[PDB]
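Notes for the one structure printed next.
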Amino acid sequence: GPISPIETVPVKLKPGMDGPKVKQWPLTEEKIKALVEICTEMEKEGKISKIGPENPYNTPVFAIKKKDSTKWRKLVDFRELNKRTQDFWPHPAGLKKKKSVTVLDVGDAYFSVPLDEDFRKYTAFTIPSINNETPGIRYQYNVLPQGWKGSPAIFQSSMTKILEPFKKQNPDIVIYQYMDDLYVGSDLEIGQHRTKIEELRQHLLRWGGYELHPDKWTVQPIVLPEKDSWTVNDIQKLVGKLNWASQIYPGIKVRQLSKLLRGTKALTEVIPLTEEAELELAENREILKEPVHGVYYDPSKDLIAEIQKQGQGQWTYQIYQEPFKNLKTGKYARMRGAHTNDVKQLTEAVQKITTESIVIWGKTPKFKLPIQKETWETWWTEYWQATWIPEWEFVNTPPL
Amino acid sequence: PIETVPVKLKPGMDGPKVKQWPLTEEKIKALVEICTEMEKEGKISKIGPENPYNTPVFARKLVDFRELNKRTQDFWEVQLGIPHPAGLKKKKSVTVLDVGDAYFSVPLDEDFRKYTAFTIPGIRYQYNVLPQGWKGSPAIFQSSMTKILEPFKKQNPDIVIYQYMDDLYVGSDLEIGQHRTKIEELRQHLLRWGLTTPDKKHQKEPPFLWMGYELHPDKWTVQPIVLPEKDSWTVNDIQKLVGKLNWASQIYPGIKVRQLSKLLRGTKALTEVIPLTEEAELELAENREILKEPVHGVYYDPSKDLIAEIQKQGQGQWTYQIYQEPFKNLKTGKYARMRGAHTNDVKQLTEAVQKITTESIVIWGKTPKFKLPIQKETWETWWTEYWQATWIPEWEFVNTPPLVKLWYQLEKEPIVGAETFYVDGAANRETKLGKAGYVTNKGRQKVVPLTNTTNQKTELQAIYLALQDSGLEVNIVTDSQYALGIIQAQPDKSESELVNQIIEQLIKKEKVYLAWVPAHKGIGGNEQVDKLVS
Ligand SMILES: O=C1Cc2ccc(-c3ccco3)cc2C(=O)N1O
Ligand SMILES: [Mn+2]
Ligand SMILES: [Mn+2]
């Protein structure tokens with residue numbers, strides 16, 4: 001209803017691209033009720049406005065609860081709109097180095113800067129009804145919405161003026177902003193980190209959390225088995241293991257190990273290691289510690305994260321932009337849903353890997369998930385606790 | 001009085017100018033009576049030859065807005081589907097209203113009225129209301145109908161108004177006398193906006209017909225669908241054919257519309273003769289026995305839980321029932337999907353649980369509790385060992401045979417004292433000649449000739465031979481991840497008859513351990529059988 005007193009920034013889509021036209025998926029009753037109570041108050045506050053069917057665009061919507069959060073937070077799956085939105089106009093490499101980093105939800109601050117009146121039709125979203133009893137309620141945004149990649153870019157001007165009274169009285173506090181969040185890290189005591197993150201929190205209120213510790217994040221390297229009694233099966237499993245690493249490290253040699261298995265032998269027969277193969281093994285064990293050749297971060301290319309299900313509640317992952325040159329590899333275990341829910345553990349691991357990628361490189365990866373599309377597209381919104389959403393492809397070919 | 005919806009043509013495109021078909025004194029007079037009526041009711045206005053555009057008119061009256069629809073912008077259809085009567089809760093007082101001349105009572109964008117121009121075969125007409133047959137009339141009406149209804153629903157919170165197209169469902173737990181006056185207000189409220197509601201399209205006593213359902217006090221039954229057995233279809237009653245049959249598809253699954261629709265790959269006139277391609281004659285007939293089967297269900301009680309029970313049937317078909325009290329089903333259906341590559345029953349059951357879950361969220365906004373014909377231990381073994389992430393919601397076992405089982409299980413470690421078969425396959429040039437064989441640590445070996453095969457098929461054939469010529473326990477080693485991955489997918493059915501009998505051998509086995517090694521390395525077992533298929 002009311003126009004914004006402060007002035008609008010002109011935004012456009014990518015060249016030759018139209019706005020998103022994504023169908024709304026069915027919502028549970030609790031979410032529709034939550035989306036109804038939220039969008040009415042948002043409409044009264046002039047933040048959104050009811051539109052008709054003349055607007056051919058639409059974006060999905062649902063609601064989440066954060067970890068230990070009891071209240072519903074609206075989440076709009078802007079993944080298509082962001083893909084078609086222009087790029088705007090640095091990432092602090094020190095965020096990874098701090099002892100404690102807290103994440104704050106600053107998405108509500110975006111509800112004070114108006115959306116370009118000619119860009120608002122691309123933020124259309126519809127709230128579905130139970131059993132289609134009534135036609136869904138259509139809306140579009142009049143202000144910067146949460147989850148749109150252009151909102152923090154347009155708010156960078158305002159956000160800077162709010163934080164610099166804080167950031168030069170604390171010139172060693174790393175403050176990174178990605179989408180609706182502020183990533184804020186320090187090497188301070190745990191007691192003195194929490195009240196300095198609360199003071200920055202209440203300085204935000206003067207205008208108008210969730211904690212991480214990134215200096216102990218691990219990297220799981222390639223590890224060959226070292227048993228003491230090698231069987232035929234134990235050796236030919238290490239040979240394809242090492243022949244696999246030859247795509248990463250071209251200096252691997254598997255021949256003198258394979259020489260030990262020459263002749264049609266039974267898999268359970270124990271094979272003594274003729275010592276010219278252990279030299280090949282010790283060399284292969286130590287031609288696995290060096291940095292991979294040609295591995296670096298290109299911020300102009302997409303990130304990719306593959307997740308493998310190891311079973312017993314543990315999941316391995318590798319972050320890379322081009323294969324065999326991994327930027328990071330790791331393994332999770334004992335997450336929510338362990339030993340009872342694969343979807344909930346995969347959804348957690350996607351959230352953990354993305355949080356890492358935002359801290360390290362400032363970008364979320366494109367995930368290859370080990371699950372059928374239909375199973376994931378049935379449950380993932382029931383366990384999502386993040387204000388961002390990444391893009392994903394589905395893996396139906398078994399590994400190793 | 002209703003605010004108009006701004007309609008734009010697609011960018012860079014002008015209005016339609018399709019020439020009128022000239023016709024006979026017989027129905028060219030009815031048109032101007034029909035049209036004067038419409039002009040006397042305000043629905044059409046007159047302009048001369050100033051605007052250029054044209055829309056053909058045939059002959060009750062009919063207008064062909066196809067060319068105009070191809071030039072009209074896209075409208076976001078807000079509806080995610082039709083309502084299901086099982087989604088209704090029992091209300092003490094129910095009423096079904098229908099709006100008279102739903103389309104002919106919502107004003108059209110005045111800037112867009114020029115492209116609507118048509119000519120009686122002379123005076124030219126341009127519409128000022130939503131025309132029947134136009135692309136935007138359904139979306140604009142329902143949107144117009146909604147916000148016209150909103151101040152009434154807000155000031156009458158004690159009633160619920162469900163709206164879809166012409167039919168208004170008005171339910172309430174009020175007294176019949178109080179429910180009586182609340183309706184007349186709604187009709188008077190609608191009448192003030194130019195939307196009358198006739199008195200015998202008004203449904204007063206029950207069986208209440210809402211969207212082809214008879215809403216009895218404690219049950220609902222679908223309206224018997226009956227569509228013609230005429231002899232010479234024209235593409236209007238072929239388009240009304242595809243229309244009112246692919247709404248029947250929601251309540252009646254398996255009613256497909258591909259054949260008929262395909263009959264309009266042409267510039268056909270709407271009144272000319274249309275020949276049924278013999279493909280289209282089974283389309284209708286295939287489900288004319290499906291359409292005649294009845295459907296009935298109970299209403300929804302939100303105080304009780306939703307129970308979904310699934311049963312196994314023939315040829316990858318599955319039946320399910322959704323109820324709250326035992327055997328008082330709200331909805332039942334059939335599901336039928338076998339994979340195009342390799343499927344097993346546990347996968348199909350997981351798919352069935354997911355498909356019912358979604359339509360349960362569509363109808364009631366919640367996931368039912370499932371009763372499935374599978375052991376907890378059978379499921380526990382499957383999902384914990386499956387290479388992919390999988391899971392099903394909170395469920396319990398129901399002992400309704402045929403129960404779903406795991407027909408075999410590959411071992412995790414090689415078997416001591418079991419014969420070790422190394423297998424491989426190969427093909428040669430244009431030779432159309434294949435070799436699949438094995439070699440064994442005990443010296444056993446075999447090689448057979450093959451006729452028309454891929455390279456995977458040879459590797460799959462090699463594995464199958466090792467399963468044939470071996471005891472109850474066996475270790476097999478292949479260089480083919482394709483073959484090893486297919487068995488890793490754990491199928492119990494296949495369309496490949498070779499794969500089907502690899503399954504049959506696998507079932508009869510007691511312990512199988514499949515092993516992979518990279519081809520063309522120094523591995524002793526692989527290279528020997530590889531040379532044999534050189
Ligand atoms: O002799 C050979 C050589 C060979 C080369 C490549 C591949 C291959 C490529 C991608 C997947 O598999 C497979 C084979 C193979 O199965 N045999 O037996
Ligand atoms: Mn091979
Ligand atoms: Mn070979």
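Within each chain, counting starts at residue 1; across the structure tokens, chains are named A, B, ... in the order shown, with ligands numbered 1 upward in that order.
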Taking only C-alpha atoms into account, report as number ranges by chain which residues of chain A lie within 7 Å of chain B.
A: 26-29, 52-57, 130-136, 236, 240, 255, 258-259, 261-268, 309, 311, 341-343, 370-371, 375, 378, 398
Show me which residues sit within 7 Å of ligand 3 when counting only C-alpha atoms and all ligand atoms, and put them as JSON, numbers by chain.
{"B": [424, 425, 426, 519, 530]}
Sel. of strand (DSSP E) residues, range 133-287 of chain A, as a PyMOL selection string:
chain A and resi 137-141+174-178+181-186+210-212
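Minimum atom-to-atom distances from B:269, B:248, B:57, B:120 to residue 288 in chain B were compared using only C-alpha atoms, and the lowest value belongs to B:248.
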If you measure from CA of residue 373 in chain B to CA of residue 347 in chain A, what distance in Å do you get, rounded to one decimal?
28.1 Å
Polymer residues at most 6 Å from range 219-235 of chain B, only C-alpha atoms, same-chain spacing of 6 or more positions, as a VMD selection string:
chain B and resid 212 to 213 270 273 to 274 295 to 298
With N, CA, C and O atoms retained, export the selected residues as a PDB file, in the first residue's frame.
ATOM      1  N   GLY B 212     -19.541 -32.824  -9.856  1.00  0.00           N
ATOM      2  CA  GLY B 212     -19.702 -34.221 -10.205  1.00  0.00           C
ATOM      3  C   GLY B 212     -19.562 -35.169  -9.038  1.00  0.00           C
ATOM      4  O   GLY B 212     -19.024 -36.268  -9.200  1.00  0.00           O
ATOM      5  N   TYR B 213     -20.011 -34.762  -7.855  1.00  0.00           N
ATOM      6  CA  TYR B 213     -20.085 -35.636  -6.695  1.00  0.00           C
ATOM      7  C   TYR B 213     -21.450 -35.478  -6.049  1.00  0.00           C
ATOM      8  O   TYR B 213     -21.982 -34.368  -5.968  1.00  0.00           O
ATOM      9  N   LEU B 270     -14.111 -25.717 -36.976  1.00  0.00           N
ATOM     10  CA  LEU B 270     -14.713 -26.323 -35.792  1.00  0.00           C
ATOM     11  C   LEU B 270     -15.995 -27.092 -36.104  1.00  0.00           C
ATOM     12  O   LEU B 270     -16.433 -27.900 -35.277  1.00  0.00           O
ATOM     13  N   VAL B 273     -16.214 -32.177 -40.591  1.00  0.00           N
ATOM     14  CA  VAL B 273     -16.185 -33.568 -40.162  1.00  0.00           C
ATOM     15  C   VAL B 273     -14.788 -33.939 -39.678  1.00  0.00           C
ATOM     16  O   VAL B 273     -13.770 -33.442 -40.180  1.00  0.00           O
ATOM     17  N   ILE B 274     -14.739 -34.816 -38.672  1.00  0.00           N
ATOM     18  CA  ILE B 274     -13.492 -35.268 -38.077  1.00  0.00           C
ATOM     19  C   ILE B 274     -13.484 -36.792 -38.067  1.00  0.00           C
ATOM     20  O   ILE B 274     -14.338 -37.409 -37.423  1.00  0.00           O
ATOM     21  N   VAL B 295     -17.401 -44.982  -7.473  1.00  0.00           N
ATOM     22  CA  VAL B 295     -16.503 -44.498  -6.431  1.00  0.00           C
ATOM     23  C   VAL B 295     -17.349 -43.958  -5.290  1.00  0.00           C
ATOM     24  O   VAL B 295     -18.336 -43.251  -5.519  1.00  0.00           O
ATOM     25  N   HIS B 296     -16.970 -44.305  -4.062  1.00  0.00           N
ATOM     26  CA  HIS B 296     -17.657 -43.821  -2.875  1.00  0.00           C
ATOM     27  C   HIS B 296     -16.663 -43.746  -1.727  1.00  0.00           C
ATOM     28  O   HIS B 296     -15.735 -44.555  -1.636  1.00  0.00           O
ATOM     29  N   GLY B 297     -16.862 -42.763  -0.850  1.00  0.00           N
ATOM     30  CA  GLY B 297     -15.999 -42.588   0.297  1.00  0.00           C
ATOM     31  C   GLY B 297     -16.722 -41.890   1.429  1.00  0.00           C
ATOM     32  O   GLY B 297     -17.867 -41.456   1.292  1.00  0.00           O
ATOM     33  N   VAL B 298     -16.035 -41.790   2.560  1.00  0.00           N
ATOM     34  CA  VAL B 298     -16.559 -41.106   3.719  1.00  0.00           C
ATOM     35  C   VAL B 298     -15.921 -39.724   3.816  1.00  0.00           C
ATOM     36  O   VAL B 298     -14.985 -39.394   3.094  1.00  0.00           O
TER      37      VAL B 298
END
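Using only C-alpha atoms, the protein and nucleic acid residues lying no more than 9 Å from residue 153 in chain A, apart from those fewer than 6 places from it along its own chain, are residues 88, 89 and 179 of chain A.
Residues within 8 Å of residue 427 in chain B, counting only C-alpha atoms and excluding same-chain residues fewer than 4 positions away, are residues 431, 432, 433, 434, 435, 454, 455 and 458 of chain B.
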With distances taken over only C-alpha atoms and all ligand atoms, the candidate from B:506, B:30, B:436, B:168 nearest ligand 2 is B:436
DSSP-assigned alpha helix (DSSP H) members of range 115-184 of chain A, reported as a VMD selection string:
chain A and resid 150 to 154 156 to 167
Separation of CA of residue 159 in chain A from CA of residue 78 in chain A in Å
21.7 Å
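Remark: for residue 44 in chain A, the closest of the candidate residues A:346, A:62, A:2, A:178 is A:2 (distances computed over only C-alpha atoms).
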Using only C-alpha atoms, which residues sit within 9 Å of residue 167 in chain B once same-chain residues fewer than 6 positions away are excluded, as a list in words?
residues 96, 97, 98, 99, 209, 210 and 211 of chain B
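Counting only C-alpha atoms, the residue from A:67, A:193, A:83, A:47 that sits nearest to residue 15 in chain A is A:83.
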Give me the residues within 9 Å of residue 92 in chain A as a list in words, counting only C-alpha atoms and dropping any in the same chain fewer than 5 places off.
residues 174, 175, 176, 359, 360, 361 and 362 of chain A
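Shortest separation to residue 200 in chain B among B:1, B:100, B:177, B:368 occurs at residue B:100, atoms counted being only C-alpha atoms.
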Report the distance between CA of residue 106 in chain B and CA of residue 50 in chain B in Å, rounded to one decimal place.
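For CA of residue 106 in chain B relative to CA of residue 50 in chain B, the distance reads 25.2 Å.
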